[PDB]
Structures are given as structure tokens and as C-alpha cells.
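# Structural overview for review
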Amino acid sequence: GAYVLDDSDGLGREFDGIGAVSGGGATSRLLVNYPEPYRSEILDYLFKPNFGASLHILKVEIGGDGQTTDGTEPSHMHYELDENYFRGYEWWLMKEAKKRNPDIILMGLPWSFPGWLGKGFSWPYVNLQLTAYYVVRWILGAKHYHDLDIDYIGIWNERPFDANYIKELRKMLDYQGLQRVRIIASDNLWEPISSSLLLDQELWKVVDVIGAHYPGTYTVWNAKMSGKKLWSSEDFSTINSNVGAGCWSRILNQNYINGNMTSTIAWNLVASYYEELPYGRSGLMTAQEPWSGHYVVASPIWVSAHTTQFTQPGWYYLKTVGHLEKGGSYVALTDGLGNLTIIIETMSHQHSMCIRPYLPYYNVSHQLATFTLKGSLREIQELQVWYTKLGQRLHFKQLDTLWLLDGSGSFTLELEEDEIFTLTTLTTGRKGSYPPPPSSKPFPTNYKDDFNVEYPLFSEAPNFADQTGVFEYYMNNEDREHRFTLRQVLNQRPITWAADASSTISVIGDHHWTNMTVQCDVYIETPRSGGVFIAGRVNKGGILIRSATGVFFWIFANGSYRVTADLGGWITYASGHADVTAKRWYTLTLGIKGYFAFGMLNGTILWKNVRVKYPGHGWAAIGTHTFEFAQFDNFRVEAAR
Ligand SMILES: *[C@@H]1O[C@H](CO)[C@@H](O[C@@H]2O[C@H](CO)[C@@H](O)[C@H](O)[C@H]2NC(C)=O)[C@H](O)[C@H]1NC(C)=O
Ligand SMILES: *[C@@H]1O[C@H](CO)[C@@H](O[C@@H]2O[C@H](CO)[C@@H](O)[C@H](O)[C@H]2NC(C)=O)[C@H](O)[C@H]1NC(C)=O
Ligand SMILES: *[C@@H]1O[C@H](CO)[C@@H](O[C@@H]2O[C@H](CO)[C@@H](O)[C@H](O)[C@H]2NC(C)=O)[C@H](O)[C@H]1NC(C)=O
Ligand SMILES: *[C@@H]1O[C@H](CO)[C@@H](O)[C@H](O)[C@H]1NC(C)=O
Ligand SMILES: OC[C@H]1CNC[C@@H](O)[C@H]1O
Ligand SMILES: [Ca+2]
Ligand code: NI
Ligand code: NI
């Protein structure tokens, strides 16, 4: 079949860019403590122009101290009157992105909120001005402390919006001189935001972009009618195998074709979280071993390149895009400066399945496509060619330049299945490369941290992935034997996105660990009612954190201890009395081998040969009984898998 590409009677919609999400939750957690040069190479693969993924857009979670899928992320306001714009790693990531690409688009979106915003209720719309104050302070802080211009602000990730809040947010933004900041809504479904915009004139004026999640390449009529920009503000979320790459390739094309969506943002940016956490390895690439330095430049990186390296925000789709007769699709974009980019995909059904949604079988076969260039695209003589084959795979390999010497302005390709072609008048394409990273090693079977860092670059010790609550470096200037510790700093349950545990917890190590000995110095700050624990064989985290089983060694300031099989403390292995009070350092040791475990207090056996379920595996962990202050020091673990 012949497919005409032409700009004679106008253009399509303005292309807004391809991006990815860091956050929801703690997806970039393990990236920060990568040794150089590896950490910097990974960021180059993601954000350096004309190199790797070359992303146009970076979206980050505005941490609200709650569990938001693979962990918690710290807020800039743990408490009322608290301001701190140097917690976590999203500030750092955004700055790294801007250094490589100054034109990158920055977006922020809340998943959860600090509990104090709710004023007693678990609800961010009790005081609209207060919640707006919180969010806008985050944007101001981004500019004032990090020289970051946030381009787009969201509402509440995959949660109900309040129309009056969106309006108050706009007023708050303009009042602080942030008119340039745009609002995207509602980062959930097409409805009810689409119909709300049609029914409410004032709401229409304050919303700039309608952003839907996992729309299956389609939109809805009311969204078209609004005349707003339509984005797939969160998509993908599939394991970065060849299959996930196929999913990414197909939806990148068909989101605009089928659904008029001029931007697609993948969750997540990079899989830098323990793979056994929910949705493991669902990033554009993988970097889940800072201890070894090993990272995988997965195929979605090069799938992205086919569009990102040859398109920029401000470009325009041609009116002439669509599906191929024998399956697959093609899009075409111009910059208005005589350049032209053509992106063609022929992903088979079996090799492009996304998790959300899963498409009914469709068929793709061998085919010939003849592209004819009419209008101002006529005097194009030469097209650079880029090719990718997923499956016995090869990625982003430049092919021999294509020539249109005969004035027909036409060419012809044979398109097999699971293939990508990018045809462009751009000469800047490059498959970036670095020397291959170290091989993958397990988490060190012998690990220790004394948290003795006087000027930490980040707010938390490495490899500790908070799954409920928030743990930070802490300096106590008056105590010398525990001058530098790790502290759980939440004192009330957040306005939650997920089902956070009722106890705080941070996991670390190797999920495949079976036999282990965990030791840590603990400090209970709350008299009478306070409590802490250490644990091994913790099998679940993330949005499943309340599900976590394992062996949990608790001690309480009322002079007692418990040994449970679950974080929720419903199943008892052992319990009894102990010489434990608040505001006093203790050394807890927990040993687990096979069917039996023992617990030590200051090097003395508290319980021994206590029967636990076996087989069983999981991480090591520390935590507190509730959302309460407590300190930890001299963490050690020895384990075997
Ligand atoms: C949104 O995109 C759709 C295509 O998915 C446009 O609907 C028509 O699509 C057919 C092909 O199925 C084209 O031949 C028509 O030209 C399209 N309509 C028009 C008016 O051109 C639809 O127009 C788009 N809606 C927008 C841009 O608001
Ligand atoms: C295609 O795009 C390139 C890159 O933007 C254009 O080249 C730029 O042209 C502007 C003037 O319009 C110059 O200021 C830049 O220095 C150029 N950059 C580069 C890298 O060449 C180019 O004009 C466009 N058209 C064609 C036919 O290449
Ligand atoms: C964890 O400890 C258990 C308990 O000792 C180990 O299981 C034993 O392993 C030895 C050596 O292979 C066998 O001779 C025993 O018959 C096993 N007993 C049971 C009850 O399984 C287990 O191998 C250890 N696992 C690791 C990874 O070190
Ligand atoms: C898919 O399409 C080709 C040609 O159109 C046809 O030969 C083939 O049998 C089809 N296969 C299935 C499983 O539908
Ligand atoms: O598919 C999983 C994703 C859905 N949307 C929010 C993300 O945090 C993540 O949970
Ligand atoms: Ca210390
Ligand atoms: Ni300021
Ligand atoms: Ni497991």
C-alpha cells in the first residue's frame, strides 16, 4: 500500500515530548549510591541528548512521607513549620537531568501528603489553601535552592481531585509569581476531569493539560471536546524485557494516532529498587546494584531513542499518520524548518503486551510500505535510517542513508514484525556507549554501617529502603558514643496513598537471604509506650508492606519483648519480659537459621531455639512500633542465600 505524507492543508497537533517518572515510589532509591563513573553513565543513558534515551521530560513524585509503591519518599515538610529542601534524591536527579539537558521539561506530582495537612482527617482537601501552600512551597524551593524551574504541577496521583483546590492552586501559584507554571489534571482517568472542564468555565481556564493514566492508546470524546492538550501522563509499567520494549514502542506511536495524545510518560525512569519489590524491573533501564556497579541498558532505552533523538517539544505531527495495512503503525513529525522524522513500528501482539491494558489478539505479517512525500516535503533528497529488531536482537543500528534522487519523492520498505524504523533528515543520531559495567553480584553477605558521616550528601544512609515511615541521618552533638545515628522521624501517619503499615520499617539487603544474623543498636525516645524492632526474612515490601512476614524481634519501653511472624504482630513466635526502658541504648541481636531463631540483648541470650517457619527468605529490617521517634546505630548483618 501507498501512504501519503503531506503538510499541504495543515499540520497535526504540537508534539509535547516523551518522558519518564521517578517516584511512586522510591524507584530511584538505589541509584544514588552508585560509585563513579557508573552513576554518571546511567544518567547519560537517560538524559544526555543524542546519546541514549535522551528524554524530553522528567516527572518526579513530590514526597509526602507515605508508601507510594516501592517505598516511601521524604517530604519537604515532615511537620508544620518544618521546611527542608534537601531531603531525598529527586532534587539531585532533577539537577543531574538539567545539567545534561537544560531544555528538559520538569514535572512534579504528589502521591501522598504529611498527616498534619489533614488537620485530624486523612484528607488533603480539608484546608485547600494549606495543601496549596505546601505544594507551592515545593516549587519555590526547587527554584530558590536548586535553580530548578518546575514546568508542570499535578493534583493527587490516581486519587480524587477537588475542583476548588485546583482553582486555589492556580491562585496560589500566580500569587507567588509562578504564572509560568502549568497545571495538569487529574492524573487518573479521563473522567470526571474531562466532563468537569466542559461544565465549568473557570475550571477550564486553570487547567492546561489533561493527563490520563494507562489509557490503552485511546481517549474519550469529552477530552477531545475540551480542546486541551492530552497526555498519557503515566504509562508502560512493564518489565523491561523485549516484550516491555515492544509495548513501549507500540504505545509511543499509537497514543497519538488512536488517542490524540501528544506526550507519553513512562513509569518508571530506571529500576533502581529491589527487584522483589512490587513491579520489579519496570523501568526504562535497570540499576539495582549500587554495591556491584552492575546496570543493564535495557531495550526500552533504544526504543525511546527512535523518537526522542529525532523529535523535540515544539515539533508538530503531520495530519498524515496512521496504521499499516498488515499491522503496525507510522507517525511523522516536522519542525517547521524543513526537517522530517518518520517513526514506524510493527510490534506483534505476543511481543508487545503491556500489563495495563492487555490487548485482544491482533495480527501482523510481512508487508511493503510505500511512502510518498507531497507538499513542502517534496525537496527532501536524503533520509538517515535507524533500525531496531526486538526478539536474536539488535538495537538502534544506523543503516545506509536512503536516497530520493528521482523526483517522485517516494521510497519503499519491506517491514517484517517486531521492528522499528526511524527515517529522518537529522544527522545527530548516535547510539551512545560506555564500557560494560561490572558483572552482577548479590548483596554483600557481610554488611555494616555506623552512619558516621558528618556531612552526608543525601539525607539517608545507602541501601536502606523505607517501606513505611522515614529514616534519616541524625547528629546528636552532645552524645559522643552515638554522635551519628539513623533516626525515624515521622510522628504521625501520613495522608496515605497506599496501605502503609502501622509500624515503620526500612528493608535492606538480599531478598533471597535464608539464614542470617542481624545486629543493631536501638534507642527508644518515647517513654512507657515506645517500641522498636529488628528483623530478618522479611518477604514483602512496597504497597504490600502490611503483608510482610518474617521474624520480628520487638522490644518495648514498658519492659517487654515480642517475637512475631508478621509486621502486623498478629502471629507470635515468642514473648516475655525484658529489662528495657526508654531513652537508653540497647544492642539487639537476632539470629535465624533453619527452623529456629534466637534473640540477644546487650550480648545476652533473651530467647533461644525458638521455632520459626521454614523454608523462608527475605530482607533484613529495622523499625519502630508506631510513627514515633527512635534511633539506630552500628547496623550489622551476616547472611547466606
Ligand atoms: C484525533 O485523532 C483522530 C484519529 O485517531 C482524528 O479522527 C479522524 O481520524 C481519521 C482516521 O481514522 C482521519 O482520516 C481523520 O482525518 C480524522 N479526523 C479529522 C477531522 O481529521 C481526530 O480528528 C483527532 N481529533 C482531534 C485532533 O481533536
Ligand atoms: C533541521 O534542524 C537542524 C537542527 O535544529 C537545523 O539546523 C539549525 O539551524 C539553525 C537556524 O535555523 C541554526 O541556528 C542552528 O545552528 C542549526 N543547528 C544545527 C545542528 O545544524 C536545520 O536548519 C533544520 N533543517 C535542515 C534541512 O537541516
Ligand atoms: C540454612 O540453615 C539450614 C539449617 O541448618 C540449612 O539446612 C540444612 O543444610 C544442611 C547442609 O546442606 C543439611 O545437611 C541439613 O539437612 C539441612 N537441614 C534442613 C532442616 O534444611 C540450610 O541449608 C541453610 N541455608 C543456607 C543458604 O545456608
Ligand atoms: C495473519 O495474516 C496473514 C496474512 O494477512 C495470514 O496469512 C495469517 O494466517 C494470519 N494469521 C492469523 C493467526 O490470523
Ligand atoms: O503500575 C503501577 C504504577 C501505577 N500508578 C502509580 C505508580 O506508583 C505505580 O503504582
Ligand atoms: Ca554511629
Ligand atoms: Ni525561597
Ligand atoms: Ni520471595
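What the deposited record gives as its method is X-ray crystallography, and the resolution it gives is 2.16 Å.

The next point concerns the overall build of the protein chain. Tallying secondary structure elements over the protein chain gives nine helices and 34 strands in all. Taken over the C-alpha trace, the protein chain has a radius of gyration of 26 Å; the compact-globule value for 641 residues is 26 Å, and the two agree within 12%. The C-alpha extent of the protein chain, read off along each of the three principal axes, is 90 × 55 × 45 Å.

Most of helix α2 (residues 90–100) is tucked away, with eight of its 11 residues classed as buried. Of all the positions in α2, only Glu-90, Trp-91, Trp-92, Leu-93, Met-94, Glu-96, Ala-97 and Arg-100 are classed as buried.

Within strand β4 (residues 57–62), six of the six residues are buried, which leaves it mostly tucked inside the rest of the structure. A crossover links strand β3 (residues 17–22) with its parallel partner β4, the connecting element being helix α1 (residues 38–47), and its sense is right-handed. Direction of pairing for β4 relative to strand β5 (residues 105–110): parallel, over a ladder of six bridges. Bridge pairing links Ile-62 to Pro-110 in β5. One crossover worth recording links β4 to the parallel β5 by way of α2, and it is right-handed.

Turning to the site of ligand 5, a few remarks are in order. Around ligand 5, the structure places 13 residues, and the nearest of them are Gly-24, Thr-69, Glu-158, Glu-234 and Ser-237. Interatomic distance of 2.6 Å between a backbone N/O atom of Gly-24 and an oxygen atom of ligand 5. About the coverage of ligand 5: the protein hides 95% of its 280 Å² of free accessible area. Residues belonging to the shell around ligand 5 are distributed by class as follows: five nonpolar, five polar and three charged.

Our focus in this paragraph is the state of the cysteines. Taken as a whole and judged by the stated rule, the model has one disulfide. Across the disulfide from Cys-247 sits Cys-354; the S-S distance is 2.0 Å. Its S-S torsion of about 110 degrees marks the bond between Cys-247 and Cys-354 as right-handed, since a negative value means left-handed. With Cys-247 in helix α8 (residues 242–259) and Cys-354 in the loop between β14 (340–345) and β15 (367–373), this residue pair connects regions lying 107 residues apart in the sequence. Both residues of the pair, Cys-247 and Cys-354, count as buried.

What follows covers the sheet that holds strand β24 (residues 504–508). Strand order in the open sheet formed by seven strands is β21-β24-β33-β26-β27-β28-β29, with antiparallel pairing between adjacent strands. Both edges of this open sheet fall to β21 (465–468) and β29 (572–577), since each of them pairs with a single strand only. The mean inter-strand angle of the sheet, taken between neighbouring strand axes irrespective of direction, is 20 degrees. Across five bridges, strand β28 (residues 560–566) lies against β29 in antiparallel orientation. Paired with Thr-564 across the bridge in β29 is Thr-572.

The subject of this paragraph is the environment of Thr-412. When you line up the elements, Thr-412 lands in strand β18 (residues 410–415). Residues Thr-412 and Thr-564, 152 residues apart in the sequence, show an inter-C-alpha distance of 68 Å. Beyond its immediate stretch of four places on either side in the chain, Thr-412 contacts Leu-368, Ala-369 and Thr-370. Of note is the side chain of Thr-412, whose polar atom sits 3.3 Å from the side chain of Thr-370.

The UniProt record annotates "active site" at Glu-158 and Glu-234. The named residues occupy 77 residues along the chain; their greatest pairwise C-alpha distance, 10.0 Å, places them in one compact cluster. Under the relative-accessibility criterion, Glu-158 is labelled partly exposed at 23%. If we ignore the near neighbours within four places in the chain, the residues touching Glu-158 are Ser-186, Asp-187, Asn-188, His-213, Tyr-214, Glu-234 and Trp-497. Looking at the secondary structure, you find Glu-234 in strand β9 (residues 229–236). Discounting residues that sit within four places of it in the chain, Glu-234 has contacts with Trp-111, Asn-157, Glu-158, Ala-212, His-213, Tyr-214, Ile-265 and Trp-267. In terms of polar contacts, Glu-234 uses its side chain to reach the side chain of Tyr-214, at 2.8 Å.

Moving on: the sheet that holds strand β1 (residues 2–5). The strand order across the open sheet built from three strands is β1-β15-β18, with neighbouring strands paired in mixed fashion. A single partner strand is all that each edge strand has here, and the edge strands are β1 and β18. Averaged over all pairs of adjacent strands, the angle between their axes in this sheet comes to 25 degrees, without regard to strand direction. In terms of strand pairing, β1 meets β15 through four bridges, oriented parallel. Counterpart to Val-4 in the pairing with β15 is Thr-372.

Here the nickel ion (ligand 8) is held by the protein donor atoms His-511 (NE2) and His-617 (NE2), which lie 2.2 to 2.3 Å from it. In this pair, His-511 is assigned in the loop between β24 and β25 (515–524) and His-617 in the loop between β32 (604–611) and β33 (619–624), connecting sequence segments 106 residues apart.

All right, on to unusual backbone geometry then. Between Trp-267 and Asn-268 the backbone carries a cis peptide bond, its omega angle lying at 0 degrees. For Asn-268, the position within the fold is in the loop between β10 (263–267) and α9 (300–308). Cis peptide bonds are those with omega within 30 degrees of zero, and the linkage from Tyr-614 to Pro-615 qualifies with 0 degrees. One can find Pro-615 in the loop between β32 and β33.

What follows is about the side chain of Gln-488. Locating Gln-488 in the fold gives a position in strand β23 (residues 484–488). Within polar-contact distance, the side chain of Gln-488 engages the backbone oxygen of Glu-628 at 2.8 Å. Those residues within four positions of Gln-488 in sequence are excluded, and the remaining contacts are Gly-469, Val-470, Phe-471, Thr-504, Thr-624, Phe-627, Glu-628, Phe-629 and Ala-630.

Quick look at the environment of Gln-381 now. Its place among the elements puts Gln-381 in the loop between β15 and β16 (382–389). In this structure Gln-381 comes out as partly exposed when scored by relative accessible area, which is 35%. Sequence-wise, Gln-381 and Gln-129 are 252 residues apart; in three dimensions their C-alpha atoms are separated by 58 Å. For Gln-381, the contacting residues outside a window of four places in its chain are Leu-402, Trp-403, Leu-404 and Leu-405.

What follows covers the domain arrangement of the protein chain. In terms of domain boundaries, the protein chain breaks down into domain 1 (1–56 + 233–441), domain 2 (57–232) and domain 3 (442–641). On a C-alpha basis, the centroid separation for the pair domain 1 and domain 2 is 27 Å. Of the roughly 3,900 Å² buried where domain 1 meets domain 2, counting both sides, 55% is carbon and sulfur surface. It is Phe-47, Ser-233 and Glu-234 in domain 1 that bury the most area against domain 2; as a group they hold 18% of the surface buried on that side. If you look at where domain 1 meets domain 2, you find three salt bridges. Across the pair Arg-100 and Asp-44 runs a salt bridge, and its minimum N-O distance is 2.5 Å. Viewed at the interface, domain 2 and domain 1 are joined by 33 residue pairs in polar contact. Of all the secondary-structure elements, those providing two or more residues to the side of domain 1 that touches domain 2 are β2 (11–14), β3, α1, β9, α8 and β10.

Cut-off values and rules
Residues numbered from 1 in each chain as written, not as in the entry; some residues may be left out. Chains lettered and ligands numbered in written order. Heavy atoms only, no water. Residues with missing side-chain atoms left out of burial classes, pairs and counts. Helix = DSSP H or I, 4+ residues; strand = E, 2+ residues; numbered from the N terminus. Rg over C-alpha atoms; globule rule 2.2 N^0.38 Å. Buried < 20%, exposed > 50% of the residue type's maximum accessible area, 1.4 Å probe, protein only. Right-handed = clockwise from strand over helix to strand, strands pointing away. Pairing = 2+ DSSP bridges. Near = heavy atom within 4 Å. Polar contact = N/O pair within 3.5 Å; in protein donor to acceptor, adjacent residues only side chain to side chain. Areas by Shrake-Rupley, 256 points an atom, 1.4 Å probe, with all protein chains shown as cover. Nonpolar A, V, L, I, M, F, W, Y, C, P; charged D, E, K, R; others polar. Disulfide = S-S within 2.5 Å. Axes fitted to C-alpha atoms, helices over the stretch in contact; angles between N-to-C directions. Contact = heavy atoms within 4.5 Å. UniProt positions renumbered as here; feature names shortened; annotations may be inferred. Donors = N, O, S within 2.8 Å, 3.2 Å for Na, K, Ca; no water. Domains from an automatic or database assignment. Buried area = accessible area lost by both parts, 1.4 Å probe. Salt bridge = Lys/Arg side-chain N within 4 Å of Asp/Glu carboxyl O.

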